[PDB]
Protein chains: 20
Amino acid sequence: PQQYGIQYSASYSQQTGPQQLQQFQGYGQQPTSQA
Amino acid sequence: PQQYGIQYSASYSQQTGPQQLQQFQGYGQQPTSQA
Amino acid sequence: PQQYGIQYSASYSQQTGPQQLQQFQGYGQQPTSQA
Amino acid sequence: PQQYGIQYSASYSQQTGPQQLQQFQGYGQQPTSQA
Amino acid sequence: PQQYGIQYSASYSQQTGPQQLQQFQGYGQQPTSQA
Amino acid sequence: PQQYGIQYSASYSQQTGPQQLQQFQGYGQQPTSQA
Amino acid sequence: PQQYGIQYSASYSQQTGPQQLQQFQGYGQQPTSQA
Amino acid sequence: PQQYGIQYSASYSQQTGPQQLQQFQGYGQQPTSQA
Amino acid sequence: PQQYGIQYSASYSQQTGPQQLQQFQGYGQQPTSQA
Amino acid sequence: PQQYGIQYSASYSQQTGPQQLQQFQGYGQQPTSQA
Amino acid sequence: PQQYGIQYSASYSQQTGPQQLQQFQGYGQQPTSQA
Amino acid sequence: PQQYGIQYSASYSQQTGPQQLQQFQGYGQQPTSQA
Amino acid sequence: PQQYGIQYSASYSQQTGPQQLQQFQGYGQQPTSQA
Amino acid sequence: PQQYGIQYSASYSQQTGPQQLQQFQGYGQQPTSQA
Amino acid sequence: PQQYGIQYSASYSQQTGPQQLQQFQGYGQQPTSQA
Amino acid sequence: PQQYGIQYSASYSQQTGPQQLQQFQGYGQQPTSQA
Amino acid sequence: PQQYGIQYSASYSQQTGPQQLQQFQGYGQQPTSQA
Amino acid sequence: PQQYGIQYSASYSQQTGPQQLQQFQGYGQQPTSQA
Amino acid sequence: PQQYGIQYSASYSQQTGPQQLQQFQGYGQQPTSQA
Amino acid sequence: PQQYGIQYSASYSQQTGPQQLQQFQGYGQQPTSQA
C-alpha cells in the first residue's frame, strides 16, 4: 500500500494561499461534532 | 493499492486561493454531525 | 487498484479560488448529519 | 481498477471559482441527512 | 475497469464558476434524506 | 469496462456557470428522499 | 462496455449556464421520492 | 456496447441555458414517486 | 450495440434554452408515479 | 443495432426553447401513472 | 400591472422534463436571427 | 409593477429535469444572432 | 417596482436537476452572438 | 425598486443538482459572443 | 433600491450540488467572449 | 442602496457541494475572454 | 450603500464543501483572460 | 459605505472544507491572466 | 467607510479546513499572471 | 475609514486548519507572477 499526497517532477509551484493536506493510511477516522 | 493526490510533470502551477487535500486509504471515515 | 486525483503533464495551471480534493480507497464513508 | 479524476496533457487550465473532486474506490458511501 | 472524469489533450480550459466532480467505483451509494 | 466523463482534444472550453459531473461504475445508487 | 459523456475534437465550447452530467455503468439506480 | 452522449468534431457550441445529460448503461432505473 | 445522442460535424450550435438528454442502454426503466 | 438521436453535418442550429431527447435501446420502459 | 408565471395553491406538482419560463414586463423584445 | 415567476402555497414540488426562469422588468432585450 | 423569482410558503421542494434563474430589473440586455 | 431571487417561508428545500442565480438591478448587460 | 439573493425564514435547506449566485447592483456588465 | 446575498432566519442549512457568491455594487464588470 | 454577503440569525449552518464569497463595492473589476 | 462579509447572530456554524472571502471597497481590481 | 470581514455574536464556530480572508479598502489590486 | 478582519462577541471559536487573513488599507497591491 502506497499513498502519495502531491508529487512534482521538473515543475514550478507558486502557492500564495492556505493549504491543507491530511493523510490517513490504515484505519483513520476524522469525526467532527458540534452539539 | 496506490493512491495519488496530485501529480505534476514538467508543469507550471499557480495557486492563489485555499486548497484542501484529504486522503483515506484502507478503512477511512469522515463523519460530520451538528446536533 | 490505482486512484489518481489530478494529473498534469507539460501543462499550465492557474487556480485562483478554493479547491477541495477528497479521496477514499478501500472502505470509505463520508456521512453528514444535521439533527 | 483505475480511477482518474482529471488529466491534463499539454493543456492550459484557468480555474477562477470553487472546485470539488471527491473519489470513492471500493465501497464508498456519501450519506447526507437533515432531520 | 477504468474510470475517467475529465481529460484534456492540447486544449484550453477556462472555468469561472463552481465545479463538482464525484466518482464512485465499485459499490458506491450517495443517499440524501430530508425528514 | 471504461467510463469517460468529458474529453477534449485540441479544443477550447469556456465554462462560466456551475457544473456537476457524477460517475458511478459498478453498483451505484443515488437515492433522494424528502419525507 | 464503453460509455462517453461528451467528446470534443478541434471544437469550440462556450457554456454560460448550469450543466449536469450523471453517468451510471453496470447496475445504477436513481430513485427520487417525495412523501 | 458503446454509448455516446454528445460528440463534436470541428464544431462551434454556444450553450447559454441549463443542460442535463444522464446516461445509464447496463441495468439502469430512474423512478420518480410523489405520494 | 451503439447509441449516439447528438453528433456535430463541422457545424454551428447555439442553444439558449434548457436541454435534457437521457440515455438508457440495456434494460432501462423510467417510471413516474403520482399517488 | 445503432441508434442516433440527432446528426448535424456542415449545418447551422439555433435552438431557443426547451429540448428533450430520451433514448432507450434494448428493453426500455417509460411508464407514467397518476392515481 | 401584475404578472404571474405559475401559481400553486395546495397542489401537487411533478415535473420530469425541461421547463422554460420567460417573462417580459414593460418593453420587452426577444428577437432571433439566423443569417 | 409587480412580477412573480413561480409561487407555491402549501404545495408539493418535485422537479427532476432542467429548469430555466428569466425575468425582465422595465426595458429588457434578449437578442440571439447566428451569422 | 417589485420582482420576485420564486416564492415558497409552507411548501416542499425537491429539485434534482439543473436550475437557472436570471433576473433583470431596469434596463437589462442579454445578447447572444455566434459569428 | 426591490428584487428578490428566491424566498422560503416555513418550507423544505432539497436541491441535488447545479443551481445558478444571476441578478441585475439598474443597467445590467450579459453579452455572450463566440467569433 | 434593495436586492435580495435568497431568503430563508424558519425553513430547511439541503443543497448537495454546486451553487452560483452573482449579483450586480447599479451598472453591472458580465461579458463573455471566445475568439 | 442595499444588497443582500443570502439571509437565514431560524433556519437550517446543509451545504455539501461547492458554492460561489459574487457581489458587485456600484459599477462592477466581470469580463471573461478566451482568445 | 450597504452590502451584505451572508447573514445568519438563530440558524444552523453545516458547510462541507468549498465556498467562495467575493465582494466589490464602488468600482470593481474582475477580468479573466486566457490568450 | 458599509460592507459586511458574513454575519452570525446566535447561530451555529460548522465548516469542514475550504473557504475564501475576498472584499474590495473603493476601487478594486482582480485581474487574472494566462498567456 | 467601514469594512467587516466576519462577525460573530453569541455564536458557535467550528472550522476544520483552510480559510482565507483578504480585504482591500481604498485602491486595491490583486493581479495574477502566468506567462 | 475602519477595517475589521474578524470580530467575536461572547462566541466560541474552534479552528483546526490553516487560516490566512491579509488586510490592505489605503493603496495596496498583491501581484503574483509566474514567468
# chains A, B, ... in the order shown; residues from 1 in each chain; ligands from 1
>>> calpha_fit_and_write(fixed="chain Q", moving="chain E", output="PDB file with N, CA, C and O atoms, in the first residue's frame")
ATOM      1  N   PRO E   1     -24.827  53.220   1.078  1.00  0.00           N
ATOM      2  CA  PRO E   1     -24.662  51.935   0.388  1.00  0.00           C
ATOM      3  C   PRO E   1     -24.209  50.836   1.353  1.00  0.00           C
ATOM      4  O   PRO E   1     -23.171  50.970   1.982  1.00  0.00           O
ATOM      5  N   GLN E   2     -25.028  49.800   1.521  1.00  0.00           N
ATOM      6  CA  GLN E   2     -24.721  48.667   2.387  1.00  0.00           C
ATOM      7  C   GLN E   2     -24.701  47.401   1.553  1.00  0.00           C
ATOM      8  O   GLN E   2     -25.557  47.211   0.686  1.00  0.00           O
ATOM      9  N   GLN E   3     -23.764  46.518   1.855  1.00  0.00           N
ATOM     10  CA  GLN E   3     -23.573  45.293   1.109  1.00  0.00           C
ATOM     11  C   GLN E   3     -23.363  44.209   2.146  1.00  0.00           C
ATOM     12  O   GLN E   3     -22.559  44.377   3.066  1.00  0.00           O
ATOM     13  N   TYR E   4     -24.140  43.142   2.041  1.00  0.00           N
ATOM     14  CA  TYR E   4     -24.117  42.050   2.998  1.00  0.00           C
ATOM     15  C   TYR E   4     -23.963  40.764   2.219  1.00  0.00           C
ATOM     16  O   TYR E   4     -24.732  40.507   1.288  1.00  0.00           O
ATOM     17  N   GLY E   5     -22.971  39.970   2.591  1.00  0.00           N
ATOM     18  CA  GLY E   5     -22.723  38.731   1.896  1.00  0.00           C
ATOM     19  C   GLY E   5     -23.661  37.638   2.347  1.00  0.00           C
ATOM     20  O   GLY E   5     -24.498  37.185   1.567  1.00  0.00           O
ATOM     21  N   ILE E   6     -23.500  37.150   3.572  1.00  0.00           N
ATOM     22  CA  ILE E   6     -24.413  36.160   4.132  1.00  0.00           C
ATOM     23  C   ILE E   6     -24.724  36.543   5.571  1.00  0.00           C
ATOM     24  O   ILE E   6     -23.859  37.041   6.295  1.00  0.00           O
ATOM     25  N   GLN E   7     -25.979  36.352   5.968  1.00  0.00           N
ATOM     26  CA  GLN E   7     -26.455  36.688   7.302  1.00  0.00           C
ATOM     27  C   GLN E   7     -27.116  35.467   7.913  1.00  0.00           C
ATOM     28  O   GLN E   7     -27.881  34.773   7.242  1.00  0.00           O
ATOM     29  N   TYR E   8     -26.798  35.189   9.170  1.00  0.00           N
ATOM     30  CA  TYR E   8     -27.444  34.134   9.934  1.00  0.00           C
ATOM     31  C   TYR E   8     -28.019  34.728  11.208  1.00  0.00           C
ATOM     32  O   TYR E   8     -27.382  35.558  11.861  1.00  0.00           O
ATOM     33  N   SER E   9     -29.228  34.300  11.547  1.00  0.00           N
ATOM     34  CA  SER E   9     -29.927  34.768  12.737  1.00  0.00           C
ATOM     35  C   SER E   9     -30.638  33.580  13.363  1.00  0.00           C
ATOM     36  O   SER E   9     -31.651  33.122  12.834  1.00  0.00           O
ATOM     37  N   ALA E  10     -30.102  33.085  14.479  1.00  0.00           N
ATOM     38  CA  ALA E  10     -30.645  31.922  15.179  1.00  0.00           C
ATOM     39  C   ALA E  10     -30.724  30.697  14.272  1.00  0.00           C
ATOM     40  O   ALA E  10     -31.669  29.911  14.352  1.00  0.00           O
ATOM     41  N   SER E  11     -29.729  30.522  13.409  1.00  0.00           N
ATOM     42  CA  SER E  11     -29.778  29.479  12.396  1.00  0.00           C
ATOM     43  C   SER E  11     -28.655  28.472  12.612  1.00  0.00           C
ATOM     44  O   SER E  11     -27.730  28.689  13.395  1.00  0.00           O
ATOM     45  N   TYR E  12     -28.734  27.368  11.879  1.00  0.00           N
ATOM     46  CA  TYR E  12     -27.755  26.294  11.938  1.00  0.00           C
ATOM     47  C   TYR E  12     -27.148  26.121  10.554  1.00  0.00           C
ATOM     48  O   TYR E  12     -27.873  25.887   9.589  1.00  0.00           O
ATOM     49  N   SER E  13     -25.826  26.227  10.447  1.00  0.00           N
ATOM     50  CA  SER E  13     -25.156  26.077   9.160  1.00  0.00           C
ATOM     51  C   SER E  13     -24.133  24.952   9.208  1.00  0.00           C
ATOM     52  O   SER E  13     -23.298  24.903  10.116  1.00  0.00           O
ATOM     53  N   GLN E  14     -24.205  24.059   8.226  1.00  0.00           N
ATOM     54  CA  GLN E  14     -23.247  22.975   8.047  1.00  0.00           C
ATOM     55  C   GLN E  14     -22.767  23.009   6.600  1.00  0.00           C
ATOM     56  O   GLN E  14     -23.549  22.773   5.673  1.00  0.00           O
ATOM     57  N   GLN E  15     -21.489  23.319   6.407  1.00  0.00           N
ATOM     58  CA  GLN E  15     -20.909  23.527   5.084  1.00  0.00           C
ATOM     59  C   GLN E  15     -19.708  22.604   4.930  1.00  0.00           C
ATOM     60  O   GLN E  15     -18.671  22.804   5.571  1.00  0.00           O
ATOM     61  N   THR E  16     -19.852  21.594   4.085  1.00  0.00           N
ATOM     62  CA  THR E  16     -18.862  20.536   3.984  1.00  0.00           C
ATOM     63  C   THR E  16     -17.949  20.676   2.765  1.00  0.00           C
ATOM     64  O   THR E  16     -16.883  20.048   2.743  1.00  0.00           O
ATOM     65  N   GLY E  17     -18.299  21.536   1.815  1.00  0.00           N
ATOM     66  CA  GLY E  17     -17.536  21.683   0.604  1.00  0.00           C
ATOM     67  C   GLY E  17     -16.849  23.029   0.513  1.00  0.00           C
ATOM     68  O   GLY E  17     -16.808  23.792   1.480  1.00  0.00           O
ATOM     69  N   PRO E  18     -16.298  23.351  -0.659  1.00  0.00           N
ATOM     70  CA  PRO E  18     -15.617  24.644  -0.825  1.00  0.00           C
ATOM     71  C   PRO E  18     -16.603  25.790  -1.045  1.00  0.00           C
ATOM     72  O   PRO E  18     -17.668  25.619  -1.644  1.00  0.00           O
ATOM     73  N   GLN E  19     -16.228  26.971  -0.558  1.00  0.00           N
ATOM     74  CA  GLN E  19     -17.103  28.134  -0.537  1.00  0.00           C
ATOM     75  C   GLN E  19     -16.275  29.362  -0.869  1.00  0.00           C
ATOM     76  O   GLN E  19     -15.184  29.547  -0.321  1.00  0.00           O
ATOM     77  N   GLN E  20     -16.806  30.196  -1.754  1.00  0.00           N
ATOM     78  CA  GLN E  20     -16.158  31.405  -2.241  1.00  0.00           C
ATOM     79  C   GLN E  20     -17.142  32.561  -2.157  1.00  0.00           C
ATOM     80  O   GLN E  20     -18.271  32.446  -2.636  1.00  0.00           O
ATOM     81  N   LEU E  21     -16.727  33.653  -1.518  1.00  0.00           N
ATOM     82  CA  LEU E  21     -17.515  34.880  -1.441  1.00  0.00           C
ATOM     83  C   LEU E  21     -16.605  36.033  -1.841  1.00  0.00           C
ATOM     84  O   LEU E  21     -15.641  36.328  -1.134  1.00  0.00           O
ATOM     85  N   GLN E  22     -16.904  36.692  -2.957  1.00  0.00           N
ATOM     86  CA  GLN E  22     -16.146  37.855  -3.400  1.00  0.00           C
ATOM     87  C   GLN E  22     -17.072  39.057  -3.508  1.00  0.00           C
ATOM     88  O   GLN E  22     -18.096  39.000  -4.194  1.00  0.00           O
ATOM     89  N   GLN E  23     -16.705  40.139  -2.828  1.00  0.00           N
ATOM     90  CA  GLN E  23     -17.495  41.362  -2.774  1.00  0.00           C
ATOM     91  C   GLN E  23     -16.727  42.501  -3.426  1.00  0.00           C
ATOM     92  O   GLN E  23     -15.524  42.646  -3.207  1.00  0.00           O
ATOM     93  N   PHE E  24     -17.420  43.291  -4.238  1.00  0.00           N
ATOM     94  CA  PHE E  24     -16.883  44.524  -4.793  1.00  0.00           C
ATOM     95  C   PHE E  24     -17.888  45.621  -4.503  1.00  0.00           C
ATOM     96  O   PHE E  24     -19.068  45.484  -4.833  1.00  0.00           O
ATOM     97  N   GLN E  25     -17.433  46.686  -3.862  1.00  0.00           N
ATOM     98  CA  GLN E  25     -18.255  47.854  -3.593  1.00  0.00           C
ATOM     99  C   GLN E  25     -17.529  49.081  -4.119  1.00  0.00           C
ATOM    100  O   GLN E  25     -16.358  49.302  -3.796  1.00  0.00           O
ATOM    101  N   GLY E  26     -18.226  49.866  -4.931  1.00  0.00           N
ATOM    102  CA  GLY E  26     -17.652  51.023  -5.578  1.00  0.00           C
ATOM    103  C   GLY E  26     -17.453  50.855  -7.068  1.00  0.00           C
ATOM    104  O   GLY E  26     -18.379  51.041  -7.859  1.00  0.00           O
ATOM    105  N   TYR E  27     -16.228  50.522  -7.456  1.00  0.00           N
ATOM    106  CA  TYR E  27     -15.815  50.396  -8.849  1.00  0.00           C
ATOM    107  C   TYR E  27     -14.924  49.160  -8.887  1.00  0.00           C
ATOM    108  O   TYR E  27     -13.712  49.261  -8.691  1.00  0.00           O
ATOM    109  N   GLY E  28     -15.533  47.996  -9.075  1.00  0.00           N
ATOM    110  CA  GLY E  28     -14.832  46.721  -9.008  1.00  0.00           C
ATOM    111  C   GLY E  28     -14.801  46.058 -10.372  1.00  0.00           C
ATOM    112  O   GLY E  28     -15.785  46.096 -11.103  1.00  0.00           O
ATOM    113  N   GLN E  29     -13.653  45.489 -10.722  1.00  0.00           N
ATOM    114  CA  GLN E  29     -13.479  44.788 -11.986  1.00  0.00           C
ATOM    115  C   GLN E  29     -12.847  43.435 -11.720  1.00  0.00           C
ATOM    116  O   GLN E  29     -11.813  43.347 -11.049  1.00  0.00           O
ATOM    117  N   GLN E  30     -13.445  42.387 -12.272  1.00  0.00           N
ATOM    118  CA  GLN E  30     -12.886  41.036 -12.190  1.00  0.00           C
ATOM    119  C   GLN E  30     -12.655  40.444 -13.581  1.00  0.00           C
ATOM    120  O   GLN E  30     -13.375  39.528 -13.995  1.00  0.00           O
ATOM    121  N   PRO E  31     -11.656  40.933 -14.325  1.00  0.00           N
ATOM    122  CA  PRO E  31     -11.384  40.364 -15.654  1.00  0.00           C
ATOM    123  C   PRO E  31     -10.553  39.089 -15.617  1.00  0.00           C
ATOM    124  O   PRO E  31      -9.584  38.972 -14.868  1.00  0.00           O
ATOM    125  N   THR E  32     -10.941  38.129 -16.451  1.00  0.00           N
ATOM    126  CA  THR E  32     -10.212  36.877 -16.625  1.00  0.00           C
ATOM    127  C   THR E  32      -9.874  36.708 -18.098  1.00  0.00           C
ATOM    128  O   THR E  32     -10.766  36.768 -18.947  1.00  0.00           O
ATOM    129  N   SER E  33      -8.594  36.502 -18.404  1.00  0.00           N
ATOM    130  CA  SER E  33      -8.147  36.408 -19.787  1.00  0.00           C
ATOM    131  C   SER E  33      -7.293  35.167 -19.979  1.00  0.00           C
ATOM    132  O   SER E  33      -6.465  34.839 -19.127  1.00  0.00           O
ATOM    133  N   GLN E  34      -7.500  34.473 -21.098  1.00  0.00           N
ATOM    134  CA  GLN E  34      -6.680  33.312 -21.441  1.00  0.00           C
ATOM    135  C   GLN E  34      -6.311  33.434 -22.917  1.00  0.00           C
ATOM    136  O   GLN E  34      -7.117  33.109 -23.792  1.00  0.00           O
ATOM    137  N   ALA E  35      -5.100  33.904 -23.188  1.00  0.00           N
ATOM    138  CA  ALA E  35      -4.640  34.088 -24.557  1.00  0.00           C
ATOM    139  C   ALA E  35      -3.968  32.830 -25.091  1.00  0.00           C
ATOM    140  O   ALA E  35      -3.085  32.267 -24.450  1.00  0.00           O
TER     141      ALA E  35
END
>>> select_by_dssp(residues="chain C", states="strand (DSSP E)", output="list in words")
residues 2, 3, 4, 5, 6, 7, 8, 9, 12, 13, 14, 15, 19, 20, 21, 22, 23, 24, 25, 26, 27, 28, 29, 32, 33 and 34 of chain C
>>> write_last_selection(atoms="C-alpha atoms", output="JSON list (two decimals), in the first residue's frame")
[["chain", "number", "residue", "atom", "x", "y", "z"],
["C", 2, "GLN", "CA", -4.83, 2.76, -8.53],
["C", 3, "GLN", "CA", -6.50, 6.06, -7.76],
["C", 4, "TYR", "CA", -5.35, 9.37, -9.22],
["C", 5, "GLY", "CA", -6.81, 12.70, -8.24],
["C", 6, "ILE", "CA", -5.38, 15.18, -10.75],
["C", 7, "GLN", "CA", -2.54, 14.72, -13.24],
["C", 8, "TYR", "CA", -0.62, 17.38, -15.15],
["C", 9, "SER", "CA", 1.82, 16.68, -17.99],
["C", 12, "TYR", "CA", -0.16, 25.20, -17.21],
["C", 13, "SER", "CA", -2.47, 25.53, -14.20],
["C", 14, "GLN", "CA", -3.81, 28.76, -12.68],
["C", 15, "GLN", "CA", -6.21, 28.26, -9.75],
["C", 19, "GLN", "CA", -10.20, 23.75, -4.19],
["C", 20, "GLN", "CA", -11.10, 20.52, -2.37],
["C", 21, "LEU", "CA", -9.90, 17.00, -3.23],
["C", 22, "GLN", "CA", -11.04, 14.11, -1.01],
["C", 23, "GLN", "CA", -10.01, 10.53, -1.82],
["C", 24, "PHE", "CA", -11.29, 7.30, -0.29],
["C", 25, "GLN", "CA", -9.73, 3.98, -1.27],
["C", 26, "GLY", "CA", -10.98, 0.74, 0.25],
["C", 27, "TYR", "CA", -13.97, 1.24, 2.55],
["C", 28, "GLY", "CA", -14.64, 4.97, 2.89],
["C", 29, "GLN", "CA", -17.66, 6.67, 4.44],
["C", 32, "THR", "CA", -23.08, 14.31, 7.11],
["C", 33, "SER", "CA", -25.90, 14.71, 9.64],
["C", 34, "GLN", "CA", -27.83, 17.76, 10.83]]
>>> decode(residues="chain C", atoms="N, CA and C atoms", output="compact mmCIF listing (two decimals), in the first residue's frame")
# COMPACT_ATOMS: atom_id res chain seq x y z
N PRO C 1 -5.29 -1.87 -7.58
CA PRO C 1 -6.16 -0.69 -7.51
C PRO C 1 -5.36 0.61 -7.45
N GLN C 2 -5.51 1.47 -8.46
CA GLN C 2 -4.83 2.76 -8.53
C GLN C 2 -5.87 3.86 -8.57
N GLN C 3 -5.59 4.95 -7.88
CA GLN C 3 -6.50 6.06 -7.76
C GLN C 3 -5.66 7.31 -7.95
N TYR C 4 -6.09 8.17 -8.86
CA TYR C 4 -5.35 9.37 -9.22
C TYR C 4 -6.32 10.53 -9.14
N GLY C 5 -5.95 11.56 -8.39
CA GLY C 5 -6.81 12.70 -8.24
C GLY C 5 -6.72 13.64 -9.42
N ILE C 6 -5.60 14.32 -9.59
CA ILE C 6 -5.38 15.18 -10.75
C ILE C 6 -3.97 14.96 -11.26
N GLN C 7 -3.82 14.94 -12.58
CA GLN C 7 -2.54 14.72 -13.24
C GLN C 7 -2.28 15.86 -14.21
N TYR C 8 -1.06 16.38 -14.20
CA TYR C 8 -0.62 17.38 -15.15
C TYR C 8 0.63 16.88 -15.85
N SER C 9 0.69 17.09 -17.16
CA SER C 9 1.82 16.68 -17.99
C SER C 9 2.09 17.77 -19.00
N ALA C 10 3.17 18.53 -18.79
CA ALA C 10 3.55 19.65 -19.65
C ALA C 10 2.43 20.68 -19.76
N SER C 11 1.72 20.92 -18.66
CA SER C 11 0.54 21.77 -18.70
C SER C 11 0.75 23.01 -17.83
N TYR C 12 -0.18 23.95 -17.96
CA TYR C 12 -0.16 25.20 -17.21
C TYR C 12 -1.44 25.29 -16.39
N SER C 13 -1.31 25.44 -15.07
CA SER C 13 -2.47 25.53 -14.20
C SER C 13 -2.47 26.83 -13.42
N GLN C 14 -3.60 27.54 -13.45
CA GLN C 14 -3.81 28.76 -12.68
C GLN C 14 -5.13 28.61 -11.93
N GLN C 15 -5.06 28.54 -10.61
CA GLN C 15 -6.21 28.26 -9.75
C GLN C 15 -6.33 29.38 -8.73
N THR C 16 -7.36 30.20 -8.88
CA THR C 16 -7.49 31.41 -8.09
C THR C 16 -8.50 31.28 -6.94
N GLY C 17 -9.32 30.23 -6.95
CA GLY C 17 -10.34 30.07 -5.95
C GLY C 17 -10.07 28.89 -5.04
N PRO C 18 -11.06 28.52 -4.22
CA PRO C 18 -10.87 27.38 -3.31
C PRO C 18 -11.04 26.04 -4.01
N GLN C 19 -10.29 25.05 -3.54
CA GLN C 19 -10.20 23.75 -4.19
C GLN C 19 -10.16 22.68 -3.11
N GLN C 20 -10.95 21.63 -3.30
CA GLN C 20 -11.10 20.52 -2.37
C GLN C 20 -10.96 19.21 -3.14
N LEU C 21 -10.08 18.34 -2.67
CA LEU C 21 -9.90 17.00 -3.23
C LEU C 21 -9.93 16.01 -2.08
N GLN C 22 -10.94 15.15 -2.03
CA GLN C 22 -11.04 14.11 -1.01
C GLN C 22 -11.07 12.74 -1.68
N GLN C 23 -10.15 11.87 -1.26
CA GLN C 23 -10.01 10.53 -1.82
C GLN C 23 -10.31 9.49 -0.76
N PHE C 24 -11.06 8.47 -1.13
CA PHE C 24 -11.29 7.30 -0.29
C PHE C 24 -10.97 6.08 -1.13
N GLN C 25 -10.08 5.24 -0.63
CA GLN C 25 -9.73 3.98 -1.27
C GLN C 25 -9.90 2.86 -0.25
N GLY C 26 -10.66 1.84 -0.63
CA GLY C 26 -10.98 0.74 0.25
C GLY C 26 -12.42 0.72 0.70
N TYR C 27 -12.66 1.24 1.90
CA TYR C 27 -13.97 1.24 2.55
C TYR C 27 -14.09 2.61 3.20
N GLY C 28 -14.58 3.58 2.45
CA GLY C 28 -14.64 4.97 2.89
C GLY C 28 -16.08 5.41 3.07
N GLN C 29 -16.34 6.15 4.15
CA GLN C 29 -17.66 6.67 4.44
C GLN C 29 -17.55 8.15 4.76
N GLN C 30 -18.37 8.96 4.11
CA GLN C 30 -18.45 10.39 4.40
C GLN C 30 -19.87 10.81 4.78
N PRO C 31 -20.34 10.43 5.98
CA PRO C 31 -21.69 10.84 6.40
C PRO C 31 -21.75 12.25 6.97
N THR C 32 -22.80 12.97 6.59
CA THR C 32 -23.08 14.31 7.11
C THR C 32 -24.49 14.32 7.69
N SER C 33 -24.61 14.74 8.95
CA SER C 33 -25.90 14.71 9.64
C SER C 33 -26.17 16.06 10.28
N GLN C 34 -27.42 16.52 10.18
CA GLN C 34 -27.83 17.76 10.83
C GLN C 34 -29.18 17.50 11.50
N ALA C 35 -29.16 17.25 12.80
CA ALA C 35 -30.38 16.97 13.54
C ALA C 35 -31.02 18.24 14.08
